[PDB]
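J.: This one is an experimental structure. Sequence first:
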Amino acid sequence: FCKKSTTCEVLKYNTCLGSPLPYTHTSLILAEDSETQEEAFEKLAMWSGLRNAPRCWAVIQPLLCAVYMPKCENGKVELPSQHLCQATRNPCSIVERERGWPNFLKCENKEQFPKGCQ
Ligand code: NA
Ligand SMILES: [Zn+2]
């Protein structure tokens, strides 16, 4: 329940939004707007507008990477934490005005963002 069972695929990129990754396997099961890694790349660049607000970017960048390019290992993908999600709501509240959060990026989604597994 802190992880989701899935089939891992080899990462086509070694970088998520500037950050080098310490893993080479991923899954697209968490990003409900992407079916391929090439689509996840496109959607990730779409979120890169939040760079102009450092206090938003500091928390939203690790979260988006945990959703779009998460670590897959031994048939399981890791789930992003509820604490990390809630930290984004306030400094990134501009999203609510401009487009709103997708269901897979809402904190009320307890199966996507469970608490405990930090
Ligand atoms: Na998907
Ligand atoms: Zn491998």
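T.: Everything's here; your move. Numbering: from 1, shown residues only. Ligands and ions are numbered 1, 2, ... in the order given.

J.: What is the subsequent helix or strand relative to the helix or strand hosting residue 85?
T.: Per DSSP states H and E, residue 85 falls inside helix 82-89. Where DSSP H and E defines the elements, the next helix or strand beyond helix 82-89 is helix 94-98.

J.: Tell me which residues of that following helix come out buried.
T.: Buried positions in helix 94-98, judged by neighbour count with 16 or more other Cβ atoms under 10 Å: residue 95. (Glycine included, C-beta is placed from N, CA and C.)

J.: residues making contact with stretch 26-42?
T.: 4, 6-13, 43, 67-72, 77, 79-80, 102-104, 112 (Cβ atoms under 8 Å, 6 or more residues apart in numbering).

J.: tell me which element the most centrally placed residue in the chain is part of?
T.: Centroid check for the chain by Cα atoms, centre = their mean gives residue 67 as the closest residue, at 2.3 Å. Applying DSSP H and E as the criterion places residue 67 in helix 54-68.

J.: hey, C-alpha coordinates of that helix in PDB?
T.: Taking C-alpha atoms only, helix 54-68 is exported to PDB below (Å, rounded to 0.1, in the frame of the first residue of the first chain):
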ATOM      1  CA  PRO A  54      11.100  29.200  -6.300                       C
ATOM      2  CA  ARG A  55       9.000  28.400  -3.200                       C
ATOM      3  CA  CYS A  56       6.600  26.400  -5.400                       C
ATOM      4  CA  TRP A  57       9.400  24.800  -7.500                       C
ATOM      5  CA  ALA A  58      11.300  23.600  -4.500                       C
ATOM      6  CA  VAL A  59       8.500  21.300  -3.500                       C
ATOM      7  CA  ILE A  60       6.600  20.700  -6.800                       C
ATOM      8  CA  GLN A  61       9.700  19.500  -8.700                       C
ATOM      9  CA  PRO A  62      10.500  16.600  -6.400                       C
ATOM     10  CA  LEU A  63       6.800  15.700  -6.500                       C
ATOM     11  CA  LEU A  64       6.300  15.800 -10.200                       C
ATOM     12  CA  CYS A  65       9.400  13.700 -10.700                       C
ATOM     13  CA  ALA A  66       8.000  11.200  -8.100                       C
ATOM     14  CA  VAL A  67       4.900  10.900 -10.300                       C
ATOM     15  CA  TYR A  68       6.100  11.200 -13.800                       C
END
